[PDB]
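Take a look at this single chain, the form deposited in one PDB entry, given in structure tokens.
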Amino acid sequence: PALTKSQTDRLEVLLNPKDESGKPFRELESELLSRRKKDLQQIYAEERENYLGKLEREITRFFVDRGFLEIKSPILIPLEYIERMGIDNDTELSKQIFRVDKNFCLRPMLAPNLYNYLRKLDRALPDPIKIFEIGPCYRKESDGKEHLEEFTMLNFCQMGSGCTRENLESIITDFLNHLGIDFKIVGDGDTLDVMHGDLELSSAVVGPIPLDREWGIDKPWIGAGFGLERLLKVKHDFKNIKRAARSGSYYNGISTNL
């Protein structure tokens, strides 16, 4: 008669936001299975692009076209970078770090390598310096509804002239309107949060800030970090962020357990 909780969970795995009682679980399941196999077949026959890779390519084109230099830096970084970012056992992030060997860890954010590039590039490039990076970041997390331990961050920034809150809000606005994602910027160094309902899409700041000194900066700057899986989650109306993650269980939000 009524579906068990386990049966509902199984069907939800197979349910797409798009899909719109009376028959047994086996029938409902068979219907969804056929639809999902069909979705995978269309992808294979036409586009063949992975959502996360495609979004990265689209974001890359957006920033490159706007004068930002594309950076690809190490994912495995020196543990020293963590403390240098002012992350001490006093903060939350301290215990979210995935350590590797005795001297390294998986980057929990992009900031350290971008600070290094801002400093080095200032010796060669004209003001202002505009750069960005998109790539894997890692953090141990307790939540699984809005967080992934392995996620992908976009972090863009500009240093020198034009580093105003107005310019920062303008970039964020053109960016999200380009992607077609609804948002609200909330605020009051100057820090702002880009929200979609109760979900944080990004954290942005208008420097300078005291931390800059440790990385040898000394110029004004603006920047923002966005989670690509959160952007995909909102854009594709995925109930659980796992549908937008690097995974062996979902492909473009479609269950691979068919």
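Residues that one form lacks are left out of the comparison. The term rigid core refers to the most C-alpha atoms you can superpose between the two forms while keeping them within 1.5 Å. Residue indices: 1-based, along the sequence shown.
**Q** How much of the deposited sequence is absent from the coordinates between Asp188 and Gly189: none, 1 to 3, 4 to 9, or 10 or more residues?
**A** Gap between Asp188 and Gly189: 4 to 9 residues without coordinates.
**Q** Taking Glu20 and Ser21 as adjacent modelled residues, how many residues of the deposited sequence between them have no coordinates (none, 1 to 3, 4 to 9, 10 or more)?
**A** In the deposited sequence, 4 to 9 residues between these two have no coordinates.
**Q** Hey, which bit's got the bigger mean C-alpha B factor in the entry, 102 to 110 or 80 to 88?
**A** Averaging CA B-factors over each stretch, the winner is 80 to 88.
**Q** Can you let me know which of the two, 153 to 161 or 92 to 100, has the higher average C-alpha B-factor in the entry?
**A** Here the higher of the two C-alpha B-factor means belongs to 92 to 100.
**Q** Tell me, please, which of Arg26, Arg48, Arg230, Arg61 has the highest C-alpha B factor according to the deposited entry?
**A** Going by the entry's C-alpha B-factors, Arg26 comes out highest.
**Q** Among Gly225, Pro210, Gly67, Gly53, where is the Cα temperature factor highest, going by the PDB entry?
**A** Answer for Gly225, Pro210, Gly67, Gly53: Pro210, with the highest C-alpha B-factor.
**Q** Would you mind checking where the Cα B-factor of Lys72 ranks among the modelled residues of its chain, as the lowest, middle or highest third?
**A** It falls in the bottom third of the chain.
**Q** Among the modelled residues of this chain, does the Cα B factor of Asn116 put it in the lowest, middle or highest third?
**A** For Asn116, whose C-alpha B-factor we compare with every modelled residue in the chain, the answer is the lowest third.
**Q** Relative to the other modelled residues in the chain, which third contains the C-alpha temperature factor of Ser142: lowest, middle or highest?
**A** As the PDB entry reports it, the C-alpha B-factor of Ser142 lands in the highest third of its chain.
**Q** Can you tell me whether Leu192 has a C-alpha B-factor in the lowest, middle or highest third compared with the other modelled residues of the same chain?
**A** Highest third.
**Q** Place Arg57 in the lowest, middle or highest third of its chain's C-alpha B-factors, as listed in the PDB entry.
**A** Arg57: CA B-factor falls in the lowest third of its chain.
What comes next is about the form deposited in another entry, which does not appear here.
**Q** Report the residue, chosen from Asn103, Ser170, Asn177, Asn89, for which the CA moves 2 Å or more between this form and the one not shown after the rigid core is overlaid.
**A** So the only displaced C-alpha belongs to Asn89.
**Q** Superposing on the rigid core, I want to see if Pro126 changes position between this form and the one not shown - specifically a Cα shift of 2 Å or more.
**A** Moves: no, less than 2 Å.
**Q** Once you overlay the rigid core, does the Cα of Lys72 travel 2 Å or further between this form and the one not shown?
**A** Moves: no, less than 2 Å.
**Q** Under a superposition restricted to the rigid core, does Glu150 display a Cα displacement of 2 angstroms or more between this form and the one not shown?
**A** False for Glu150: its C-alpha shift is below 2 Å.
**Q** Since the Cα-Cα distance for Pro78 and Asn89 shifts by 3 angstroms or more in the other form, is it a contraction (closer) or an expansion (farther)?
**A** Those two alpha carbons end up closer in the other form.
**Q** Thinking of the 3 angstroms or more shift, are the C-alphas of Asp237 and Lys145 brought closer or pushed farther apart in the other form than in this view?
**A** Farther, not closer.
**Q** Fit the two forms on the core and write out the ranges of at least 3 consecutive residues whose every CA moves by 2 Å or more between this form and the one not shown.
**A** When the rigid core is held fixed, residues 88 to 93, 143 to 146 are the runs that shift.
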